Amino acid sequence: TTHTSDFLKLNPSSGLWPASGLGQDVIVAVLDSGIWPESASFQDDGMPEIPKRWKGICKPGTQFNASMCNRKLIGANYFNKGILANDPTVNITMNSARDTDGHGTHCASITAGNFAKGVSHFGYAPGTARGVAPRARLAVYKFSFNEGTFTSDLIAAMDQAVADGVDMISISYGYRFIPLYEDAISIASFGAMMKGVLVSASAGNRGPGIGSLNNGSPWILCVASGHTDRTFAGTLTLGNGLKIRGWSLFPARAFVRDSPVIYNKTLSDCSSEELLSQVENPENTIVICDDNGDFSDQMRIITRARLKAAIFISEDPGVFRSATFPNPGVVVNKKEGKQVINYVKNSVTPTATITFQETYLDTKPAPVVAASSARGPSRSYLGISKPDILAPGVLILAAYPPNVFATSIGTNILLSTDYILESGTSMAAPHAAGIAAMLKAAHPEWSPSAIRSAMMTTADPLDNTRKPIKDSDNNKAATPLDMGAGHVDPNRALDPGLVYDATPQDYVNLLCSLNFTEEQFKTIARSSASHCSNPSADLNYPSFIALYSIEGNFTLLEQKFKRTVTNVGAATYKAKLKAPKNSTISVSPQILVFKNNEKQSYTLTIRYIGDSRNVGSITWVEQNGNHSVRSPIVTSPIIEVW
């Protein structure tokens, strides 16, 4: 987040930031393991008085008193009843909203961290840290403790946040293998939606297997994780002058200059401690490791042996998500790996030099879907496409508790920090939640469904090379089941031209269509609605999915989707269509004329056959304007639902 807001194009001059006053007049709630209040990110240097609308408390507890709140961290509350009920015999070490894990502090700062001067991750990603919404108000709701995390506590946290009058909810947690009426986050999310509060939730980190995501509910903004254009450097220079910008996250300014490099196939595997222990003068020599699919193990074996450094040959994506680099060294791709190994064989006295703590903001292509980001379709509900949108999630810099394990050097030295790099959809969601909040500040009347609409139909499915965003796991084009509508584009979302709006009643009608028992139904809708005589599964969503059974014979199928679009811009749009491979699509009308909040409907129809998830889209381009309302379309097999 010393660059993220720049990566999103946010700025003080124009766009969402100025339009929303950096979200100063809005409030976002963070449901996680609590917060570390005294962090610079949670101070209130440029904060105007607290909105009178707010009356949330600063609940006292262990090492936390009711004065721990300010005009930035305006609310603090924790929920442990679930843990005590489960066992009253438990001694809760940190019985308050104070964070003893880090997850909560990291998310909090990512969403609404104040400007923090001169921070970094041990020299990497240096600069000023700030949340996607630097002036948004923070309300911390801790339901996750070291002693345990309980569903009921989670639900109690949200209910309280919604009741407090929160504008937005951010939650980086997910559960899998359970039906809706057993899905805590979803149950509460429904309540939040019913009361005009959008919920941004991580998609999960168990990708890239099909339908591996969670929080894939129609009334939740499901977020996926992408890489940024940021990279961390261990510049590698050989004795022959060859210079290579490899990868490295060694947490210190190591000094490895003109050291002897060796390449010995008998150990180039870097998997034997016995072998590696046989390299004389291991403290002044650099050993080269071949690609064996397990870099992290190599790093371990190298760190144990105490080599001056190691040159790791690997292109495994997992390497570029981890900040675990306890020993000096660099990672290089297959080609570069050969250049290096060559130099060494064609020389006696082959040496090398590696510098550290270098961060570059030029990577291409970007963004890119994280190989571990959970993938749709939602096994909670195939009916609607998930995830919804993409956001920065790989190695994000944010606040962190100063008194907990951060990273490591050698085998015995643990390091701590105020700002650390962390990866996952946990880092992505808060980005969205913050943006969702600023949109809500710019358009106070917009509903949770409309705001999610502005973000989706305005998203960008192209990377910085202007090509289709790739899936890290395969390098092919990412699908909607990978990145939803695409990468968030705040400044555009501020002015979407059209929106696919929806109302609480619309979600009730959708809920009923699920055909649960009335007890199950009530389990989910609790008291926001009552068992609902107009079922409807065709929810007005800003995206389309076409499902096809995979049991038996496949046969040309046909689906029709009815949509209503309300003009938030007088203007007329023409529909541009790109049909998913092996299938046809048609809209009607094909044009939409607007006189001035006016609503207007249309119907999309797809003729497809199953075998494989193909993608297409439908964009409503303004004729006398520059508005473009895009919605992804994807075909999908019908997999086992929970």
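A residue's number is simply how far along the shown sequence it sits, counting from 1.
Participant: What size is the break between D45 and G46 in terms of deposited sequence residues left without coordinates: none, 1 to 3, 4 to 9, or 10 or more?
Facilitator: Count of unmodelled residues in between: none.
Participant: What is the count, as a class, of unmodelled deposited residues between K195 and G196: none, 1 to 3, 4 to 9, or 10 or more?
Facilitator: Nothing is missing.
Participant: On mean Cα temperature factor in this entry, is 392-400 or 462-470 the higher one?
Facilitator: Mean C-alpha B-factor is greater for 462-470.
Participant: Compare the mean C-alpha B-factor of 377-385 with that of 541-549 as given in the PDB entry, and name the stretch with the higher value.
Facilitator: Averaging CA B-factors over each stretch, the winner is 541-549.
Participant: Based on what the PDB entry reports, which of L221, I187, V568, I83 has the top C-alpha B-factor?
Facilitator: In this record, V568 carries the highest C-alpha B-factor of the candidates.
Participant: Can you tell me which of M168, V344, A233, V119 has the highest Cα temperature factor in the record?
Facilitator: Each of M168, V344, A233, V119 was compared by C-alpha B-factor; the highest is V344.
Participant: Looking at the entry's B-factor column for C-alpha atoms only, identify whether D99 ranks in the lowest, middle or highest third of its chain.
Facilitator: For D99, the deposited C-alpha B-factor lands in the lowest third.
Participant: Based on the entry's values, in what third of the chain does the Cα temperature factor of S612 lie: lowest, middle or highest?
Facilitator: Ranked within chain, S612 CA B lands in the middle tercile.
Participant: Sorting by Cα B-factor within the chain, modelled residues only, which third would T111 end up in: lowest, middle or highest?
Facilitator: As the PDB entry reports it, the C-alpha B-factor of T111 lands in the lowest third of its chain.
Participant: Divide the modelled residues of the chain into thirds by Cα B-factor and specify which third, lowest, middle or highest, holds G246.
Facilitator: Lowest third.
Participant: Taking the values exactly as deposited, rank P317 by C-alpha B-factor within its chain and report the matching third: lowest, middle or highest.
Facilitator: It falls in the middle third of the chain.
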